[PDB]
Amino acid sequence: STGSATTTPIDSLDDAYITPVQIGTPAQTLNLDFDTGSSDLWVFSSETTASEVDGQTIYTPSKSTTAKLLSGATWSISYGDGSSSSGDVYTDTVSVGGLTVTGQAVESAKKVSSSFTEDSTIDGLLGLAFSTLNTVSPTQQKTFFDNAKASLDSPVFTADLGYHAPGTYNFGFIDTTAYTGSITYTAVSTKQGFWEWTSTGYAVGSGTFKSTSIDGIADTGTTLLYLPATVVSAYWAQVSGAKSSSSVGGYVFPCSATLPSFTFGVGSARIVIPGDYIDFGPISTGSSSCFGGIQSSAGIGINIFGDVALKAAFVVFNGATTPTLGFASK
Numbered sequence: 001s002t003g004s005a006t007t008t009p010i011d012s013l014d015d016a017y018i019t020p021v022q023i024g025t026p027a028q029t030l031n032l033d034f035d036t037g038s039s040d041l042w043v044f045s046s047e048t049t050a051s052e053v054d055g056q057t058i059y060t061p062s063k064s065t066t067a068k069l070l071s072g073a074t075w076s077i078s079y080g081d082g083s084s085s086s087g088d089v090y091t092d093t094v095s096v097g098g099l100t101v102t103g104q105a106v107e108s109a110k111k112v113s114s115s116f117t118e119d120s121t122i123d124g125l126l127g128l129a130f131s132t133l134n135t136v137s138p139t140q141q142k143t144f145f146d147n148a149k150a151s152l153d154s155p156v157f158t159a160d161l162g163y164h165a166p167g168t169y170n171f172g173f174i175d176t177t178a179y180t181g182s183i184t185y186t187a188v189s190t191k192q193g194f195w196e197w198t199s200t201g202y203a204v205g206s207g208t209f210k211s212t213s214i215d216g217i218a219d220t221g222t223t224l225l226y227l228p229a230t231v232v233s234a235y236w237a238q239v240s241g242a243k244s245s246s247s248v249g250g251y252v253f254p255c256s257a258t259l260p261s262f263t264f265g266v267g268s269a270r271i272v273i274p275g276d277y278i279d280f281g282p283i284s285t286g287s288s289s290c291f292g293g294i295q296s297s298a299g300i301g302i303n304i305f306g307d308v309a310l311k312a313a314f315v316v317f318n319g320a321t322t323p324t325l326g327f328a329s330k
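Residue numbers (the entry's author numbering): 1 to 330.
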């Protein structure tokens, strides 16, 4: 089997991407944030605290003929940005882009933190990291991908995120028309439950490539590119007037600037992030200070190749017995 679904930016800044997901019978379509940095499929639901729902589409398991309470199971998750959610668990039929899994754990939110409530466009998350991170207790549950894997033509999914435009998540096949040149594959460590890999270095604008190992995670659920402070300082030093602002919470730059590109290494290959991808616009409406899309990972504890980096590439998440990551230009 295979599946193919379009993923769409939630706003003009590509803060996140939503992908329609069919849950239950008859289908209830929710727009989920596919997140390769976590491993829970959770949804706004008929059980969600009413005051914590503000425009989201909800899953109502009582209206699904295939829903079954997973008795005794609870979940609770906290994300790197400080947001969180928790609740109980049903199993139900879940389909993404024509690919159907029966018996998928669908985690129903009883509580969500304010950042979720305030984002009316995201109806939940679909985790695509390794199932060892799944938070369901006392019986850990598998991700949608893990459940689908054995039925897929090839044990892979791909992320092809657009810049200010829709893109695609494919399951079970590599669309050889969706990228240019070759795909370069690189080793993954699953020791922390993430798609963790080592970049071979970086360049700023037209500058020389610095060969240096940068361990980080491929994370579709994180907006920005978080790298070591040395790397990030070298980037922003090439933008006149750019500075790190403790008050704002990172590097800002004059909105009048033209941003240089940023290149990262994948083995001997190079992925170029255009400067425009690094612009996240005014810090507040009408401000001439703009927020940078490359930020320091210091105090996160991990480097994160988020959407800013991934949307510059066609990315293969290879879930074969020995997992790997592939990157191509597009």
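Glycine included, every Cβ here is placed at the ideal spot set by N, Cα and C.
In whole angstroms, give me the CA-to-CA distance for residue 31 and residue 170. 16 Å
Any idea what DSSP makes of residue 272, helix, strand or coil? strand
For the region 234-248 and the region 134-154, state whether three or more C-beta atom pairs, one from each stretch, are separated by less than 8 Å. no
Rank 35, 80 and 316 by C-alpha distance to the C-alpha of residue 131 and give the top, closest one. 35
Using the Cβ count rule (16 or more neighbours within 10 Å means buried), how would you classify residue 183? buried
Just to confirm my understanding: we take residue 185, look at its own chain, exclude 5 residues before and 5 after, and list those with CB closer than 6 Å. What are they? 324 and 326
Nearest CA to the CA of residue 6: which residue from 21, 42 and 15? 21
DSSP puts residue 290 in a beta bridge; with which residues? 253 and 282
Once DSSP output is grouped into helix, strand and coil, what is the label at residue 1? coil
Cβ pair residue 134, residue 121 closer than 8 Å: no
So, under 8 Å CB-CB, residue 328 and residue 162 are touching, yes? Tell me the CB distance rounded to an integer number of Å. In fact, because the Cβ distance is near 15 Å, the residues do not count as touching under 8 Å.
Restricting to Cα atoms, I'd like to know which of 105, 250, 265 and 244 is closest to residue 213. 265
Check each candidate in 42, 278 and 38 and name the one with the smallest Cα separation from residue 81. 38
Which whole-angstrom value is the C-beta distance of residue 203 and residue 209, which I expect to be below 8 Å? 4 Å
For residue 91: DSSP bridge partner residues: 68 and 105
What is the DSSP secondary structure of residue 29, counted as helix, strand or coil? strand
Would you mind listing the alpha helix (DSSP H) stretches within the region 177-255 that are 4+ residues and don't spill past its ends, in chain order? 229-236
How would you write the range of the alpha helix (DSSP H) that residue 309 sits in, first residue to last? 307-310
Go to residue 263, then tell me how far its alpha helix (DSSP H) extends in each direction, as first and last residue. No alpha helix (DSSP H) contains residue 263, which is instead part of the beta strand (DSSP E) from 262-266.
Just to confirm the assignment, what range does the beta strand (DSSP E) spanning residue 159 have? 156-160
What whole-angstrom Cβ distance do residue 224 and residue 308 have, given they're in contact under 8 Å? 5 Å
Looking at residue 85: is its Cβ nearer than 8 Å to the Cβ of residue 112? yes
State the CB to CB distance for the pair residue 109 and residue 136, rounded to an integer number of angstroms; the pair is presumed to be in contact (CB under 8 Å). Not confirmed; about 13 Å, so no contact.
Could you give the distance in angstroms between the alpha-carbon of residue 57 and the alpha-carbon of residue 46? 10 Å
Is there a Cβ from chain B that is less than 8 Å from the Cβ of residue 236? Note that chain B does not occur in the displayed structure, where there is just one protein chain.
At least 3 beta-carbon pairs within less than 8 Å: the region 308-318 vs the region 271-289: yes
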